[PDB]
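Numbering of residues begins at 1 and proceeds along the displayed sequence. Only this structure's heavy atoms are used, side chains among them; waters, hydrogens and symmetry mates stay out.
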Amino acid sequence: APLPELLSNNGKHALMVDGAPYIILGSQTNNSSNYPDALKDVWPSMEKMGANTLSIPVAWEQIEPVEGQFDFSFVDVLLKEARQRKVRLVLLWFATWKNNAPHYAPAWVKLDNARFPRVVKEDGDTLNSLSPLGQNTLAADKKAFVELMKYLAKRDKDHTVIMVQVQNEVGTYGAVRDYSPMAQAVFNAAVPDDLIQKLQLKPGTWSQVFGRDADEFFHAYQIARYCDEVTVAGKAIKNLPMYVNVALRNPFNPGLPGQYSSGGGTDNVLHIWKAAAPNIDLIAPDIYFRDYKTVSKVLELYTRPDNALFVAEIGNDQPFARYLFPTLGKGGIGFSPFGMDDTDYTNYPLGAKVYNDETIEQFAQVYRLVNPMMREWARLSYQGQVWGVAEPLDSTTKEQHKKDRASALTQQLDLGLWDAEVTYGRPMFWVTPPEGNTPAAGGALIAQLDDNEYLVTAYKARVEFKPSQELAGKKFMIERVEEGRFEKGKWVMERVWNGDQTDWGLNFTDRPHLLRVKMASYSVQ
Ligand code: NA
Ligand code: NA
Ligand code: NA
């Protein structure tokens, strides 16, 4: 079975699984479900969601509870149970950092500060965040991580685990960097020539080279170097794709490093992270912003020629489901709502206030649009042209305001010879202006099959096609709309949309319909 691998060519990306592009339609457990007994409270949600991939912690404390005494009993049960249900895994290495802290390191690590030292603030007080310049901590982390990758090498020959997250939300809250004597001696010295060269700067000390950014850039570099060494070590055993997940700073008004998790893959240090950690496949945003404009900005910032988009975490409340559409539209490889288990916990106000079948259904309904075409969509996104949108007004908390909302709820997409107009919250007949869904929930996906032909599926929206350029006196129409499915990679037609179903755009409710739309311009001379 070919190793999973993250491919990057001509500004596009693909997660190869079993020798073909793959989309993670994911679900992540709560933080305390990484035990054999908890899995019974995980699988039912995953089945109701229709997820294809489960993200779940593997904690350093549980594989090495006593130094040198490894315990993979949980990984054994997890692999077995995942294969019975024919789903894949993303393991989350919870080790030196989990939300800035060492809580998931073994007691023999997190209680021995002299061996495994913490961030010291400028005032000399100590934060519960392990310093990236602790060489013992780096060696011990790597050692245990290598043993986990050895376990996968020997016991996961068919790659049930497709990707590994190295640490969980690295960084420090409460300070910008380590100010320990140890860290001070490294900070008061020359910037590594390798960072100097890879970045277009001039040789000198950290303060000389970076000025006002020296403290935060230093923390990012040293953390990025720690996480690269761990990643190189593990890849040496088994070369799986490996990524880091970011405690986002607000992109539009971040405040100061330390209010947000300093030293993580924040938007302002993606250049240090990419220069300092070339072995880490991608940097993934953890999205809990509710407002469309902020979420949209995060997707824009994390999708780069050098960075595949993977929404490694997103809130599991209703408004977040629709962001699947712009995530896949940007060439996203995956999307994983956080806390999708029945272990009696909710991260409200971040996620849903109540976890129940309705909570899961909001995501099941969007994943039902993509599951039937997952391999075809993944290939089109890598090799060709895709688009995706979400309803761009959030749920509400006179005559003019209705015109203003109608306009805001109308999106244009340039598909080459054809444009699509996407509108939200209106009847399936006639042209009454959009008033939006209550709550906000719609979105659309389009892939280009040919100059005049598109794959379309959408949710609580209307999609309408039109020419992209004025025609030289020709007219245009829909040539054919087919609803169908892929079987063995072949298109099977179920029915033709026509008449009422294509007079007033293409109207989608909550049910899944995958369309092939063929447009034509025609002479009337
Ligand atoms: Na892609
Ligand atoms: Na065009
Ligand atoms: Na169908």
Item to check | Steps toward side-chain contact (heavy atoms from CB on, under 4.5 Å) verdict (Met340, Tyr355) | outcome: CA-CA 8 Å; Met340 303 307 295; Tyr355 190 82; 3.8 Å; yes

Checklist entry - Out of curiosity, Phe320 CZ to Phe338 CZ, how far, rounded to the nearest 0.5 Å? => result 12.5 Å

Checklist entry - Is a side-chain N or O of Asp281 found less than 3.5 angstrom from the main chain of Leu6, in a donor-acceptor match? => result no

Checklist entry - According to the interplanar angle, ranging from 0 to 90°, do the rings of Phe335 and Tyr367 count as parallel (below 30°), tilted (30 to 60°) or perpendicular (above 60°)? => result perpendicular

Item to check | Ionic contact status for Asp394 with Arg290, cut-off 4.0 Å | outcome: no

Checklist entry - Mind checking whether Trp497 and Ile478 have side chains closer than 4.5 Å, heavy atoms only? => result no

Checklist entry - Should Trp273 and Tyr243 be marked as a ring pair (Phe, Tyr, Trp, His ring centres under 6.0 Å) after you check the CA-CA gap, both sets of side-chain angles, and the distance that decides it? => result CA-CA 12 Å; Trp273 268 82; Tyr243 79 92; over 10 Å; no

Checklist entry - Just by modelled atom types, is the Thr294 backbone N or O under 3.5 Å from a matching donor or acceptor in the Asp291 side chain? => result yes

Checklist entry - Between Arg88 and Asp158, is the closest basic N to carboxylate O distance under 4.0 Å? => result no

Item to check | 4.5 Å side-chain heavy-atom contact, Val42 and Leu54 | outcome: yes

Next on the checklist: Between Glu169 and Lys98 (salt bridge meaning N to carboxylate O under 4.0 Å), is one present in this structure?
Outcome noted: no

Next on the checklist: Is it true that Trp387 and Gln448 share a donor-acceptor pair across their side chains at a distance under 3.5 Å?
Outcome noted: no

Checklist entry - Salt bridge or not for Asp228 and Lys235, using N-O below 4.0 Å? => result no

Checklist entry - Could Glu81 and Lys40 be called an ion pair, given the rule that one side-chain N must be under 4.0 Å from one carboxylate O? => result no

Checklist entry - Any donor-acceptor pair under 3.5 Å linking the side chain of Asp317 with the backbone of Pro319? => result no

Checklist entry - Is the closest basic N to carboxylate O distance between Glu464 and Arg462 below 4.0 Å? => result no

